[PDB]
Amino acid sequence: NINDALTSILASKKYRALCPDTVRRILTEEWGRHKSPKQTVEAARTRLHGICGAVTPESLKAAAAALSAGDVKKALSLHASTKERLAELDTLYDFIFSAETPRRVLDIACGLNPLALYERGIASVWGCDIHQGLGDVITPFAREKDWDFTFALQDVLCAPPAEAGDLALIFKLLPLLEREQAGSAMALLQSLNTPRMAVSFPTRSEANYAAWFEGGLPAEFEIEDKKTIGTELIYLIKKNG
């Protein structure tokens, strides 16, 4: 059954750090394609491969090493998403925090971005992602710095973020979610317990993310700002209600 397959996949070195719900989610969808378990499992592994960033145990090790040496910039360069943001990092957050600087930030599908929030003096951060390796990198650092950061191994398509905050960051995530499950992107934004959010899209290929987002954003949200900074198209939105 699905549970047996989940147990076998989580025992492998390649996927042992993946969120169990993620493995089950993919397994369940593949099982719906009725197949000899052989086939099902193999189709699931093929999908799990590129579910976190196509992100290795080696990259995470290096990240923690650089972090343990106080080299935050180097750690950020060890994760593809934060590395490509390095050049305009401060320009980006000056934009997001221009109006108000949040006391508590929720980083949805955080990757290693929380490290950038630390250097920005953000007091409280809660981040969630599907690879424990990410939390294994940030958590020990936060502890040393006596920084209030918490990591949750959580698949947002299985359980929405339950935490409350002043601002939520949803960087380079909606495209992936929407492709995994239609309508899940806007559903996620509605589930966030924050009055404001910052959403970003990659500029490389919803062929047109701007048209998709502006035309599909639920009525309870209002777009207050839209700007392209570096490799990202960012939207500052307000959730009313």
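So that there is no doubt, residue numbering starts at 1 and follows the sequence shown.
Engineer: Answer with none, 1 to 3, 4 to 9, or 10 or more: how many deposited residues between residue 205 and residue 206 are not present in the coordinates.
Structural biologist: In the record, 4 to 9 residues between residue 205 and residue 206 lack coordinates.
Engineer: Report, from the record, the number of residues in the deposited sequence between residue 211 and residue 212 that have no coordinates, as none, 1 to 3, 4 to 9, or 10 or more.
Structural biologist: Gap between residue 211 and residue 212: none.
Engineer: Could you check the entry and say whether 222-230 or 5-13 has the higher mean CA B-factor?
Structural biologist: The stretch with the larger mean CA B-factor is 222-230.
Engineer: With reference to the PDB entry, specify whether the mean Cα temperature factor is higher for 161-169 or for 137-145.
Structural biologist: The stretch with the larger average C-alpha B-factor is 137-145.
Engineer: Could you say which of 200, 184, 56, 190 has its CA atom at the highest B factor, as listed in the PDB entry?
Structural biologist: So the option with the highest C-alpha B-factor is 56.
Engineer: Which one, 132, 98, 82, 124, has the peak C-alpha temperature factor per the PDB entry?
Structural biologist: In the PDB entry, the greatest C-alpha B-factor among 132, 98, 82, 124 is found at 98.
Engineer: Which third, lowest, middle or highest, does the CA B-factor of residue 32 fall in along this chain?
Structural biologist: For residue 32, the deposited C-alpha B-factor lands in the highest third.
Engineer: Could you say whether, by C-alpha temperature factor, residue 175 belongs to the lowest, middle or highest third of its chain?
Structural biologist: Tercile = lowest for this residue's CA B-factor.
Engineer: Is residue 93 in the lowest, middle or highest third of its chain when residues are ranked by C-alpha B-factor?
Structural biologist: It belongs to the middle third of the chain when residues are ordered by C-alpha B-factor.
Engineer: By its CA B factor, does residue 87 count among the lowest, middle or highest third of the modelled residues in the chain?
Structural biologist: Its C-alpha B-factor belongs to the highest third of this chain's values.
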